[PDB]
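In this document, chain identifiers A, B, C, D, E, F, G, H and I correspond to the written order of the chains, with residue numbering beginning at 1 in each.
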Amino acid sequence: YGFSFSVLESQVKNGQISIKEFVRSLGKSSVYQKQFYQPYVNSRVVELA
Amino acid sequence: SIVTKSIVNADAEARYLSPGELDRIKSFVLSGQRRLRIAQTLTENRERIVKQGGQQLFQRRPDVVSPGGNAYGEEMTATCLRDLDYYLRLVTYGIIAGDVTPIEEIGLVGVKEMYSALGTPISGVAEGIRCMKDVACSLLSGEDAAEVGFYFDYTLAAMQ
Amino acid sequence: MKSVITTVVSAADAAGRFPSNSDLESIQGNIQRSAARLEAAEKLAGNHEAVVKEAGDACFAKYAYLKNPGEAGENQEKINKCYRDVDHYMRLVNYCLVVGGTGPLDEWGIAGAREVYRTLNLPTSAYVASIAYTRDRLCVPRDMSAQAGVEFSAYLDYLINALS
Amino acid sequence: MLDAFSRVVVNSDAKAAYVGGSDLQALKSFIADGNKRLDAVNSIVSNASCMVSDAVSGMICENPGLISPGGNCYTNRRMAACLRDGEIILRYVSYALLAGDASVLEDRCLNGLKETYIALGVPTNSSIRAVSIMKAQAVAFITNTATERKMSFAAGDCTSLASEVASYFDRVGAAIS
Amino acid sequence: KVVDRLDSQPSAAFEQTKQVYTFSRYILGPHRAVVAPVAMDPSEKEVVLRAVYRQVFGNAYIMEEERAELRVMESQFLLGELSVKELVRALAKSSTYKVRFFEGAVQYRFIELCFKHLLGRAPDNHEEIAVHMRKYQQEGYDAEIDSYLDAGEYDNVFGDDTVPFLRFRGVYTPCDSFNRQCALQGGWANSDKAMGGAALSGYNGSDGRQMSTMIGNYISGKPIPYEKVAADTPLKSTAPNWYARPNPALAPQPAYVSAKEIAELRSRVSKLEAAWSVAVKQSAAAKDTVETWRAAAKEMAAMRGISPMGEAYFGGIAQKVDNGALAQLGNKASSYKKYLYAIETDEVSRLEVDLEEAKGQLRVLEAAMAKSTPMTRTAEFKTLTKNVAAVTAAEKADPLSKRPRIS
Amino acid sequence: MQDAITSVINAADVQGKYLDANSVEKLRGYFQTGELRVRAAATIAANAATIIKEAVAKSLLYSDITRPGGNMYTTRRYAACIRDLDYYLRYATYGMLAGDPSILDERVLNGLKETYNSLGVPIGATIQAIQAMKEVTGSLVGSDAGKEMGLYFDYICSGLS
Amino acid sequence: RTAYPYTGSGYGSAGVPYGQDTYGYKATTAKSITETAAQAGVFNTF
Amino acid sequence: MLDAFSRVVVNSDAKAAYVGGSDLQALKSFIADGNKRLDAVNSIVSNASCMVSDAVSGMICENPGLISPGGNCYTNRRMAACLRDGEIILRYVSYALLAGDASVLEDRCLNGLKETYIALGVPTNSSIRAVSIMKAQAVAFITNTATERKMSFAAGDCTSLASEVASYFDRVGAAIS
Amino acid sequence: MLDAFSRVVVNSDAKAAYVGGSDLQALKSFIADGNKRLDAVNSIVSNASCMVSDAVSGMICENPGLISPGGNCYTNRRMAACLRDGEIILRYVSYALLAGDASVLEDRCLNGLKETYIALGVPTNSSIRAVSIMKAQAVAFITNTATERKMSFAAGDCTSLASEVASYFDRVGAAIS
């Protein structure tokens, strides 16, 4: 879909933050919660996490 | 190259290289004599491969060179052929590396951001590389033209 | 920097006096006149790349012989330097409107220009064809205000009077 | 020498820029209180003959070894020079308050004053106190809080010119330290 | 021929300022001519009198209370029967010029003060002084100055109309004549009572010796060191206030210089100097990747030129033309402005900025190591393991003395 | 991350006092320019790609950082630039709306000059790109709005220096 | 070969590792304010 | 300052000798090609106003940051100043070729140019590039291998004076480094 | 200067009001005679501009070979450095008088002074004359027995502060001997 996290690919490719930081920021992103948080239940969100 | 990413593949998997990986590093280095001959043909044919490359490019895309086109005038047309000299050079790297890894991280990664940010029609530069491919494969036999053309069309694929 | 301050603190410093009422009165003129001459410093800054483009080709439309080989504008690099120099003279006029006097022109562009244009064989009449085209392209209430066109032109033909 | 108009010119020459819309709001605000600056220079130069005797004699009652024999305010020719450089410094600070930039302070007054005062044998720490009483007076005159002469003014805030003239005396007091 | 004639020849007929004084540091600062008008207001007579007292006394405090022998020599000038040359001769014959710069002065300090006061320049060579030494000792001081201002020097470069000034004359007949100039006329602050040290040797600031430095530079051919010609300096007073990317003004000398800071800085300025000499051989041809196709891309692009405005219609749309000199080559506003942004973006210029920036940091750090025995050090760095040894036992460099006791 | 109102409230709160006449005096000064900042941030959002295309072509397009060996040679390296210049034009837009440059050093300036030295990115060419980008931004938003947007560009250039 | 080389690996690299020493985000080595001054030996009264 | 005859006189006055026939074989050979020295130094002086603009602008095309604002050859004062010392150095080298002895170069042109160019902020590596372009031109005009101008000369060899004018240009390179 | 007596810290967020772990007992005990010590340093530093000029001219007029040319105080750089170093020495005794101990003086001022003055050719026999004048000057000022200047102190005694400061001056005077 041509999505882009240029800031996060910045701060991970330089090593400014870990992959774990890049993964956590991806989880709190809004393109995530629009994908795997909004259409589901808090019950189903826990398993998909 | 095939040597460096066959390593980093088996590197990530916490293992050594299989026979499938080591019978191809073996098969690639015996192929190395034939690769340098192929790259040696394109090395001192850049005068014709580029100039005839931009030959068909303007006949097929007169908009880019017409007044208003991105490569208009004596100035931009020189740079119009400069990029073709770049991409013709990277294909010589890919032939000797046995992979588009040199072409990948040079001239392909984020190429649409550059040409979109330069105002250049990215489809137009793709047409230029295709015109160079017919000139390049016309300089080699059938066994070689399946390789030298093979790296151009990968560059065509990633450039659109 | 020949300005309205640096004549009243250069003549008082050579005299050895405090800034008296004759010198505070001169900078009261730097409040009334500078409402207009900064407007011509702002319109020239926001439209500089189109002014030099409209002016620098009048150097070559009038004198078409410069693109001949052996002459001054013979190749690509020497044409770009010829458009660079009219951008310089349009930049110091923007510096002179914001200083208040002819300070950045008499020190940075004018002084020594008759020794470099004779040594490098540049025709200095080709420079004033570009500046006097800019003076006559000036519509007075369209480009800027009525007073800001006075201030912008009076540094322009001062620069013409320097080069000729 | 420069002023507050041509300091942002040679700053804009450092980036090869035109003086566009970003920098002219720094200068149109500078001529917005241009009537305030001339009301601040006029408080300095109207008491400038009295401030220099107020400040040199304040240095004497603190460090009285200058007028002691062998000192540096003992000889009467040597006293009359110390009243002169109290007011040449006040002449060049008042040009720096007028121009709005301390270039004429740092190219004409302080241009070699440090090796002057070494080679004349002038005590440098007393030259700080000759300067800094004029700092504490000019910030009292510009804020109009001088405790024995109030000047008439249209009322309003003036504390930026007070810290501006305190910034010009600290460039004098650091360059001769 | 960039400069047609020097300042020592007079200005011929067709200029108001001489050709060397146009593009020198004459025009920037206050070392100009303030030539007297024909008839003038007594305020304008005070202007030309105040410049004479600045020039021929050299910022000395003339103590306007007395002006004892002055007001006869003033009143000859305020009438008009004394020239400005004849005023500046008569001031150099008085007692208040003698008790400042002659009664305590060495004959090197006196000759180098008459070159700054009466003329503009410094003394150039050695035998230029040795004329004026032998002219004083056989004819006396009153016939010295009369034989000093009436040569061919003063009557051309100032005439009998203008006051003397510091002659920033552009062409300097030794190159050290600019160096001793700026070392004598020491900035806008220093006077010659200070510079010769006549106050500090004085008994209560009176009747002290006017001793001199720079006597070793007039005997032997030896330049002035650069700190006296860049710090306490008239070039700081007639400063252009540019953006000079190697800044010529020297930094103040730091407390607590370390040898660990210098020994990597000298290796850094050898690193840039060896890398500059490589990169300058590859300049302007092989660094331009678009240069190789300029012979073909400006003959490929010479097809279907358009003479009026309007064509390249391209199937029936407008798509017009610009037809100027610039955009017929396809260039833009970002194509002549690319020369102004050639300090970061260049490669040869990126070395030469940091070469002269770090050599200028070296020449004040190395010259701050003129202080050795009681100096308190510090360790601002984190005391790392990098350390050069003290192996200085036997000969390592040994400059070639092939005549060791040749006799 | 404080705007002009957040900074005014913080200083008035940090002394434990209410919002007196001086604190509200600056707040009224910020609300007066509230109309100017949005239109400034409006056009900058529209011409984001056009402004960055104008700056690089005007400052560092043809210099030898663009050529082989220069700091911007490969397409990944060139593409990182316009990605990198986008943040400067974007975060400067945030400072222009918030009226306080706290967001810049919070999210841009810290570890920035220490990062370019690691990669070997030329700080000299970077500032001139931002200076040229500041020059075109004064073209769009006008003079005073350019003075506002320009006031945060050189803040980046100062700290990045 | 250009003097201002760069960092990184793979193709398009100048033979210098990332960050000049293979560290992208370098841990600092400085101390705080008051004991950077304590080590200097000159800011003792301060 | 000296010339080529008076250089061997102070060499012979150091031992108080007469100028005998063993010494004079160089000086009698010096006037034997004295036609060639005037024929050499005419070719430099007839092209001297284009030799400087070939060289100072040839420094520019190698280091194009000097014409950027900041570089020391930017302002029309600075370019007219850099062209001015382009022809001061070319004047004294052509003086030194004419006298045949490097004394007039080293006490009048180069004595203290190094400390002068430090004080003005002139970059000292770029001035070697201005000198070495004038080094390659003066050995081209003397040997008549200039690739866009040939002058008329009598037939014969000239490379001794090409070597002598080459050694007068590296004295300029060694003085200011 | 300000480390010579201890301050108490009374506010929070300090980590010395609570986790100080000490009070400075060696310097709480010196405000038990602190006003008498602070008047004594005020007796020196209000005359320190005059005590250094009298003492340096004292050894000039007793040994007149220093201002002779060839001597070590004839030129202006050396005469300014000699007036500077007596001023620095008089400050460092006034640290050691204020702090009540000589441990500031021996490492910041005396550690490596005898090796310095023989590395510069400074006459060590004349510089100890220059501090014995300042030894005799300071005991006149602290005991208020100066002939030309008195100061209005309180009613009391200041011997065993005058002999304290006289014990620092020979401690200087043997560290350079």
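In this text, a residue touches a chain if its C-beta (ideal position, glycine included) is under 8 Å from a C-beta of that chain, and two chains touch if they have at least 3 such contacts.
Enquirer: So which chain ends up closest to the centre of the protein, judged by Cα positions averaged per chain?
Expert: Taking the mean of C-alpha atoms per chain, the most central one is E.
Enquirer: For the two copies chain D and chain H, what rotation in degrees overlays their C-alpha atoms? Round to the nearest 5.
Expert: Angle of rotation between the two copies: 120 degrees.
Enquirer: In whole angstrom, how far does the Cα centroid of chain F sit from the Cα centroid of chain H?
Expert: 53
Enquirer: Hey, how far is the Cα centre of chain A from the one of chain C, in Å?
Expert: Distance between chain centres: 56 Å.
Enquirer: Distance-wise, how many Å sit between the C-alpha centres of chain B and chain F, to the nearest whole number?
Expert: 38
Enquirer: Give me the residue numbers in chain E that touch at least two other chains, ranges are fine.
Expert: Within chain E, residues 2-3, 23, 197, 200, 233, 240-243, 289, 294, 298, 329, 331, 333, 335, 337, 339-343, 346-347, 350, 353, 376 contact more than one other chain.
Enquirer: Any chance you could list the residues of chain C touching two or more other chains?
Expert: Residues 1, 10, 13, 16, 42, 45-46, 76, 107, 111-112, 115, 119 of chain C touch two or more partner chains.
Enquirer: For chain A, give me the residues that contact two or more of the other chains.
Expert: 14, 16
Enquirer: Among the chains present, which pairs are found to touch?
Expert: A-F, A-G, B-E, B-F, B-G, C-D, C-E, C-F, C-H, D-E, D-F, D-H, D-I, E-F, E-G, E-H, E-I, F-G, G-I
Enquirer: Inside the complex, what are the residues of chain B that reach chain E?
Expert: Going by the criterion above, the answer is residues 50-51, 54, 58, 63, 65-68, 71-82, 85.
Enquirer: Within their complex, state which residues of chain H touch chain C.
Expert: 49, 52-53, 57, 75-81, 83-84
Enquirer: Name, in rising order, each residue of chain I that touches chain G in their complex.
Expert: Listed in rising order, the residues are 1-3.
Enquirer: Inside the complex, what are the residues of chain B that reach chain F?
Expert: 105-111, 113-114, 117-119
Enquirer: Residue numbers of chain D touching chain C in their complex, please.
Expert: Touch residues, chain D against chain C: 1-3, 5-6, 8-9, 12-13, 18-21, 24, 27-28, 31, 34-35, 38, 41-42, 45, 48, 88, 90-92, 94-95, 98-99, 104, 108.
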